[PDB]
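**Q** All I have is the shape, not the residue letters:
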């Protein structure tokens, strides 16, 4: 529709025509922080506009409240915005209080043109149809979804817009039915924003190994939650790695050689920086398969290394210093053993990068380091604002870690990733030991009232780490029905729970159609009925924060609602 | 006794005998005790297998008598048997010990 996958080039040419000059800064990029894919997309975008010498500004934004703040203080000189990683799922034209007759210029002719473009780079679905069809200013980059799927909804939208008698009543009732069946779909991410920008770079001819690595990184960040999308996009990344890889073979390792490979990248947590033992131990998938949160699962992991013939001391060596023969042989050892434990999906081919002699890093490890920097890198409303400012400031640590000139900062990210995952694991074993999960009929509920690490889980990404750890543990059990989950943690300073509504998912190795997050609109509907003072301004609208006293009324109304 | 333990037909028979003991001796629950202990040994990466003498007095007691009367030879055989049993139960435990 607005800009299809075939015509991102026209949008980029328009950006240069409108908003490039030696004279003035004219382009503003709003990027949702606490989103790796949006970060990588903005990095690629900023390198493009660096090479093309477009004077531009990047603002990292936490949520919709900060969006409407910052948008309200943009000068008329700013005639293009790029909204990266948010804004598709909401009527931005209404939300930002746009009037096209307040933005129109040079209409002459049956024609219109405007003093500010607002381009939207978002992978979230369902699209708000006022962005896609209603607005003449909001300009969404589409993966193909609108043309592939939304023909009936397009028809219904335009006819209901035109349809201002019994036939008339039946028609407007019908198209209201279509649009209210399209809305009240659960939320879901269908693409990587970074691969979307990579398709733009492919259309311009700007592809190179830096931009390909950023595409790989932003795409790899989807792998935990949105494995089906990652499996859609992985073959195209293989094609581009082969296309850009240089032609020399049996190449001698040299200080200048950046080599980006497809090779075995196991589903283990930070293998090349953890010990081998810790890389099994702190992996979400390994914990799910082995039930590692208890002593019997720990015994099973020891049993595994014993049957592999690996001494436990060797397994606990830091991977650089771990025995070279074991590292050369590790693929064979895994092949010969991991089917016996059901861990055969540990085997995977993923993207590994090495730059001269300073050692290999996979896209898996790199996105873990970047998330760690986002999470922990550095009157109640004021304290909340200061907290959100800390998270905005963490964005630039992840940003700077994307540059090879600052690999010490990436190493900080690696260390913080290990310690974060340790905190996740300890809180997780607390939940599963003490059985904090309550099996309500429609969804599973978990509420963290007290304990250590509670001051971490006020960050949305760290809460989602614990959620994903728990959900991997649930998915790999045939005992449990695949119910949606609510996970909450109190902030004892603000006196508000942070609450996350989480999808289930099928076990990791199996293949079906994706299952959608309907906590987003369910939370909206309860928020619309209730007197409770809940906030819903986070970009990932299935995450909210709610005052402590309001939680039990809220969850009671949630479980009495039929929306889940 | 030592001349008997080291006689190679006798030695081969003794090897099979202790191997059969470690395989087929059970608790009254039917579990092989030395199956469970070998499992635990590898989980601990231990060099030591705890064998209870009374379990050997309870089955193929001639081996228990030999073990008392001539331990230097008999433990030499029984160690090789224990290594074979755990290598059967944990392949490549030769790499660990």
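**A** That came in fine, so what should we check first? Numbers count the residues shown, from 1 in each chain, chains lettered A, B, ... in the order given.
**Q** got the contact list for the residue in chain A positioned nearest to chain B?
**A** Nearest residue of chain A to chain B, counting by CB to the nearest CB: residue A:309, 2.8 Å away. Any C-beta I mention is one placed from the backbone N, CA and C, and that applies to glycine too. With contact set as CB atoms under 8 Å, 6 or more residues apart in numbering or on different chains, residue A:309 has these partners: A:333, B:90-96.
**Q** What are the phi and psi values at it?
**A** The phi and psi values for residue A:309, taken as degrees, to the nearest 10, are phi 80, psi 10.
**Q** Also the one 3 residues further on?
**A** Residue A:312 adopts backbone torsions of phi -60, psi -30, taken as degrees, to the nearest 10.
**Q** and it, how many residues sit next to it?
**A** By the criterion of other CB atoms under 10 Å in any protein chain shown, residue A:312 has 16 neighbours.
**Q** Is it correct that it is in contact with residue B:45?
**A** Yes - assessed by CB atoms under 8 Å, residue A:312 is found in contact with residue B:45 at 4.9 Å.
**Q** where's residue A:89 relative to residue A:396, distance?
**A** 26 Å (CB to CB, to the nearest Å).
**Q** nope, residue A:44 is what I meant
**A** To residue A:396, residue A:44 is 17 Å away according to CB to CB.
**Q** So those two - more neighbours on which side?
**A** Remark: of residue A:44 and residue A:396, residue A:44 carries more neighbours, 28 against 15, as counted by other CB under 10 Å.
**Q** my read is the more buried one is in a helix, agree?
**A** Yes - counting by DSSP: H, G, I helix; E, B strand; the rest coil, residue A:44 is located in a helix.
**Q** Got phi/psi on the residue of chain B found nearest chain A?
**A** Nearest residue of chain B to chain A: residue B:92, at 2.8 Å (CB to the nearest CB). With angles defined as degrees, to the nearest 10, residue B:92 sits at phi 60, psi 20.
**Q** So the nearest residue to it once chain neighbours are set aside versus residue A:268, what's the distance?
**A** Residue nearest to residue B:92 in three dimensions, not counting chain neighbours: residue A:309, with 2.8 Å by CB to CB, 6 or more residues apart in numbering or on different chains. From residue A:309 across to residue A:268, the span is 18 Å (CB to CB).
**Q** ditto for residue A:409
**A** On the measure of CB to CB, residue A:409 and residue A:268 end up 24 Å apart.
**Q** okay, those two: which has more neighbours?
**A** Taking neighbours as other CB under 10 Å, residue A:409 and residue A:268 compare with residue A:268 leading, 23 against 18.
**Q** Looks to me like that one is in a strand.
**A** No - counting by three-state DSSP, residue A:268 is not part of a strand but coil.
**Q** so it touches residue A:346, yeah?
**A** Yes - here residue A:268 lies in contact with residue A:346, judged by CB under 8 Å, at a distance of 6.6 Å.
**Q** where do the contact lists of the two overlap?
**A** By CB under 8 Å, 6+ apart, residue A:268 and residue A:346 have these common neighbours: residue A:286.
**Q** just checking, the residue of chain B closest to chain A touches residue A:305?
**A** No - applying CB under 8 Å, one finds residue B:92 not in contact with residue A:305, separated by 10.8 Å.
**Q** Who has more neighbours out of the two?
**A** Just comparing residue B:92 and residue A:305: by other CB under 10 Å the higher neighbour count belongs to residue A:305, 23 against 15.
**Q** Wait, a strand at that one?
**A** No - counting by three-state DSSP, residue A:305 falls outside a strand, being helix.
**Q** residue contacts, it?
**A** Contacts for residue A:305 (CB under 8 Å, 6+ apart) come out as A:277, A:311-312, A:315.
**Q** same check, this time on residue A:412
**A** Residues in contact with residue A:412 (CB under 8 Å, 6+ apart) are A:373, A:377, A:397, A:401.
**Q** The first one contacts residue A:413, doesn't it?
**A** Yes - if you go by CB under 8 Å, residue A:373 and residue A:413 touch, sitting 4.5 Å apart.
**Q** Spit out the residues that contact the two alike.
**A** Residues touching both residue A:373 and residue A:413 (CB under 8 Å, 6+ apart): A:397-398, A:401.
**Q** how close does residue B:95 sit to residue A:499?
**A** The gap separating residue B:95 from residue A:499 is 50 Å, by CB to CB.
**Q** and these two? which has more neighbours close in?
**A** Ranked by neighbour count (other CB under 10 Å), residue B:95 and residue A:499 place residue A:499 first, with 23 against 15.
**Q** returning to what we had before: would you list the contacts of residue A:412 in TSV and tack on distance to residue B:10, neighbour count and secondary structure?
**A** Output for the contacts of residue A:412, formatted as TSV (distance: CB to CB, whole Å; neighbours: other CB atoms under 10 Å in any protein chain shown; DSSP: H, G, I helix; E, B strand; the rest coil):
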residue	distance to residue B:10	neighbour count	secondary structure
A:373	69	27	helix
A:377	71	22	coil
A:397	73	20	helix
A:401	70	25	helix
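**Q** now, which of those sits nearest residue A:216?
**A** Nearest to residue A:216 among the contacts of residue A:412, counting by CB to CB, is residue A:401 at 15.2 Å.
**Q** can you list contacts of the lengthiest helix in chain B?
**A** Secondary structure assigned by DSSP state H gives helix B:71-89 as the longest helix of chain B. For helix B:71-89, the surrounding residues in contact (CB under 8 Å, 6+ apart) are B:2, B:5-6, B:11, B:14-15, B:18-19, B:22-23, B:34-35, B:38-39, B:41-42, B:49, B:51, B:63, B:66-67, B:93-94.
**Q** Any of the residues you listed buried? List them.
**A** Using 16 or more other CB atoms under 10 Å in any protein chain shown as the burial test, those include B:5, B:11, B:14, B:18-19, B:22, B:34-35, B:38-39, B:41-42, B:49, B:51, B:63, B:66-67, B:93 as buried.
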